[PDB]
Amino acid sequence: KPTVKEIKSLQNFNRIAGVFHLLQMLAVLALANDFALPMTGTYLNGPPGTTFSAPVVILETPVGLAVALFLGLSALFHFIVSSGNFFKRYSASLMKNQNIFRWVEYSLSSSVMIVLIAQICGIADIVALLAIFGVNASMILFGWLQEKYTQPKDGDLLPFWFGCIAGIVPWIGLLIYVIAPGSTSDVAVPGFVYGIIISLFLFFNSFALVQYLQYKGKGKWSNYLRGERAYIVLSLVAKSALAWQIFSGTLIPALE
Amino acid sequence: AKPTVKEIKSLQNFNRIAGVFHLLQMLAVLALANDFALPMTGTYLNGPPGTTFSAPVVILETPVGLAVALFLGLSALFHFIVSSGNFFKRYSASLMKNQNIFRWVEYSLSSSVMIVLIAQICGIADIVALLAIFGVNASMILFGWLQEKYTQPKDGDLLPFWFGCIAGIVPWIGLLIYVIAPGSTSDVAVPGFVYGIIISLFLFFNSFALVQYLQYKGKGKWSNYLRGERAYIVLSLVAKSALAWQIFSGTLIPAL
Ligand SMILES: *C/C=C(C)/C=C/C=C(C)/C=C/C1=C(C)CCCC1(C)C
Ligand SMILES: *C/C=C(C)/C=C/C=C(C)/C=C/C1=C(C)CCCC1(C)C
């Protein structure tokens, strides 16, 4: 059972992580150019099975604001969890091997991140981006249901596996777009885009490995709070890695 | 818990009857349908992120008759499996626990084929849009499975159900965006039969959701789990025949 001292230490760790997210949010808000990525519709110009209009831009993602949004969401939920007011509810949740505020945050923050990665790869169709957001949110909600209905060592990973099925779909989409079957242009995917997809695919898999390790509950992973710390570190590293790779690639003032 | 021989034999034959209706429609569509196809496209960057795209390219084509036969055939197959041998014993045992895993395994494939076809009929073609629609629709079904796995009727817990509604509505928001066609240079003339498909199947999809809601509320006649089991079998039969013959009438008749 987690002790009062262990829970209080974790709340301090949440606060520190929140400060790192918040200061990066500020730096991106302040320093980023107005670089935008399109969401498009490619409408039928006739009955189904005939021809299409050219893609039209429906709206544009303000990329700096979107990066600031996923950093800011992490900061907000870390500050909420860190609060003395939430000590009773955190302790109650951690005693049931649950952190629900993590899933509420990730359902929005990780979904913003995967949409931005898709747009950076050139995925623009508004339904592609909407459905990527939804299936990524679904991945998180399956992880939430793993925590709600199972305990470590109980032999039940069904929600986890459903989360893996939902979770892999956006990444199959990215892989299709970088392979670009049927593509005409000899223009190559930029290095920095490969860097984003490869690094963030590794991090996304890392989150899945934490829930797997926690619910397997073997060796040091018998201690649920080890997973709780791992999630805080992985969110910090993943969101910083994506923020600064996008910033370096697209948001610098030489590109304004 | 054990069912009466009369109860479980009655459901066995209900499955067989539904299966025969699906199977005969599958044959009629396979035999009679033309070679009408709908594209899946890639619209690749032909420059750096935030610049220009190639014209959309067709990566592959959905053979619409075959895809309609597929969703009918999946329903037929699962109805025959559920009424057969050792699978029938598992089906009976699961019904006694207020579960039908066979239903969710089938629907995760059959309803996902259906919503992708509806998306393509509306002119959604981007291969990642269609992949992510398939994934988020599958997710909706898997949330319905987790509602049955972890909760009991009347227990007041609908969290997996609500998660299923969040995932489930995403493709339909996509369809609505495409028929409104925001940013279109000219008004988009969507055929009547396409509106028929979207409106009718939206009503049917909401009907499936209402059955699970009514079962887990468990009030009045819905306290009997098997009443919901019968409602699902009827809705699957009516929804799939409605979509099959609307697509057939709209697209599959004339020789190409
Ligand atoms: C900023 C926070 C991020 C990037 C969080 C990402 C979280 C995931 C990629 C979670 C993945 C999971 C699965 C693939 C299976 C179910 C368990 C999850 C939710 C941990
Ligand atoms: C041929 C089979 C079909 C069309 C089945 C469709 C099923 C659904 C639309 C199910 C929807 C559900 C929700 C929206 C919430 C959770 C419960 C479900 C799975 C019944």
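Tell me the net charge near A:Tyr231. Cut-off is 13 Å between Cβ atoms, A:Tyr231 excluded, with +1 for each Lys or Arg and -1 for each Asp or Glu. Mind showing how you got there, number by number?
Details: positive: A:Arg102, A:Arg226, A:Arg229, A:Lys239; negative: A:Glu105, A:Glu147, A:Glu228.
Summing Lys and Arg as +1 and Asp and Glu as -1 gives +1.
From the backbone phi of the range A:43-49, what are the Karplus-calculated ³J(HN,Hα) couplings (6.51 cos²θ - 1.76 cosθ + 1.60, θ = phi - 60°) in whole Hz, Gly and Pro given as x?
3J(HN,Hα) across the range A:43-49, in whole Hz: 8, 4, 10, x, x, x, x.
Along the range B:24-29, what does the Karplus equation 6.51 cos²θ - 1.76 cosθ + 1.60 (θ = phi - 60°) give for ³J(HN,Hα), rounded to whole Hz, x for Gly and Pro?
3J(HN,Hα) across the range B:24-29, in whole Hz: 5, 5, 4, 4, 4, 5.
Using 7 Å Cα-to-Cβ label points, what is the A:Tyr194/B:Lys217 separation (nm, one decimal)?
So the label points at A:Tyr194 and B:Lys217 sit 5.6 nm apart.
Inside 10 Å of the C-beta atoms of B:185-194, what's the mean count of C-beta atoms belonging to other chains? Let's see the in-between values first.
Working: counts 5, 3, 0, 6, 4, 4, 4, 0, 2, 3.
The mean count of partner-chain Cβ atoms within 10 Å per residue comes to 3.
Report the one residue of A:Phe133, A:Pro159, A:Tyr177 whose Cα lies farthest in the direction of the positive end of the charge dipole of chain A (charges on C-beta: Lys and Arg +1, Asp and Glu -1; origin at the Cα centre).
Checking the options against the dipole of chain A, the answer is A:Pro159.
Rounded to the nearest 500, what is the protein assembly as shown's calculated 222 nm mean residue ellipticity when only DSSP H runs of at least 4 contribute -39500 (n - 2.57) each, over all residues?
Values: 16 runs with 347 residues, N = 512.
Helix-only estimate at 222 nm: -23500 deg cm²/dmol.
Suppose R0 equals 30 Å. What FRET efficiency, 1/(1 + (r/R0)^6) with r the Cβ-Cβ distance, do B:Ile17 and B:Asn224 give to the nearest 0.05?
Taking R0 as 30 Å, the efficiency between B:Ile17 and B:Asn224 is 0.90.
Put a dot 7 Å past each Cα toward the Cβ at B:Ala31 and A:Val56; how far apart are the dots in nm?
4.5
Which order do the peptides B:104-110, A:214-220, A:19-25 take when ranked by the mean count of other beta-carbon atoms within 10 Å per residue, highest first?
Values: B:104-110: 20.7, A:214-220: 14.7, A:19-25: 18.0.
Packing order, densest peptide first, comes out as B:104-110, A:19-25, A:214-220.
Taking H placed 1.01 Å from N in the peptide plane, check which residues at least 5 places from B:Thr41 or on another chain put their amide H under 5 Å from its amide H.
Under 5 Å from the amide H of B:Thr41 lie the amide H atoms of B:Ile59, B:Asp126, B:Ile127, each far enough along the sequence or on another chain.
Hey, how many Å between the Cα centroid of the range A:53-100 and the Cα centroid of the range A:226-256?
Rounded to whole Å, the Cα centres lie 14 Å apart.
Over the whole of A:140-152, what's the average partner chain Cβ count within 10 Å per residue? Rounded to a whole number, please.
Values: counts 1, 10, 7, 0, 3, 9, 1, 0, 5, 7, 1, 0, 0.
Whole-number average of other-chain Cβ neighbours for A:140-152 is 3.
From the residues A:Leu234, B:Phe205, B:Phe88, which one has its Cα farthest along the dipole of the protein assembly as shown in the positive direction, the dipole being from +1 and -1 charges on Cβ of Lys/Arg and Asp/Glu about the Cα centre?
B:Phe88
Say a paramagnetic label sat at a point 7 Å from the Cα of A:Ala208, along Cα to Cβ; which residues of the range A:107-137 have their backbone N under 13 Å from it?
A:136
Quick one: which of A:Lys218/B:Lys149; A:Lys153/B:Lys2; A:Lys153/A:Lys239; A:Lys8/A:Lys218; A:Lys1/A:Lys218; B:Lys97/B:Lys219 span more than 23 angstrom between C-alpha atoms?
Working: A:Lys218/B:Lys149 25 Å; A:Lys153/B:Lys2 30 Å; A:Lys153/A:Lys239 30 Å; A:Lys8/A:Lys218 25 Å; A:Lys1/A:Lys218 16 Å; B:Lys97/B:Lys219 18 Å.
Violating the 23 Å Cα-Cα cut-off are A:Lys218/B:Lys149; A:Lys153/B:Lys2; A:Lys153/A:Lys239; A:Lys8/A:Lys218.
Go ahead and set up a Gaussian network model of chain B, Cα springs under 10 Å, then flag whichever of B:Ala167, B:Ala28, B:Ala242 fluctuates most.
B:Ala28
Please build a GNM for chain A, connecting alpha carbons under 10 Å apart, and tell me which residue among A:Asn85, A:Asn136, A:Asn14 fluctuates the most.
A:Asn85
Using alpha carbons only, how many degrees (0 to 90, rounded to 10) separate the axis of helix B:101-121 from the longest principal axis of chain B?
20
Within 10 Å of each residue's Cβ, count the other Cβ atoms and sort A:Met95, B:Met114 from fewest upward. List each step's numbers first, then the result.
Details: A:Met95 12, B:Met114 26.
Listed from fewest to most nearby Cβ atoms, that is A:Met95, B:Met114.
Using a 10 Å cut-off on Cβ atoms, rank the peptides A:46-58, B:201-213 from the highest mean neighbour count down.
Working: A:46-58: 15.2, B:201-213: 16.8.
Ranking the peptides A:46-58, B:201-213 by packing returns B:201-213, A:46-58.
Using θ = phi - 60° and the Karplus curve 6.51 cos²θ - 1.76 cosθ + 1.60, what whole-Hz ³J(HN,Hα) does each residue of the range A:61-78 get, with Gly and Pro shown as x?
Residue by residue, the range A:61-78 yields 6, x, 5, x, 4, 5, 4, 4, 4, 6, 5, x, 4, 4, 4, 4, 6, 5 Hz.
Because the Cβ atoms are built from the backbone with ideal geometry, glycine has one as well, and the counts that use them run over all protein chains shown. Each value in this text was obtained by applying a stated rule to the coordinates, not by laboratory testing.
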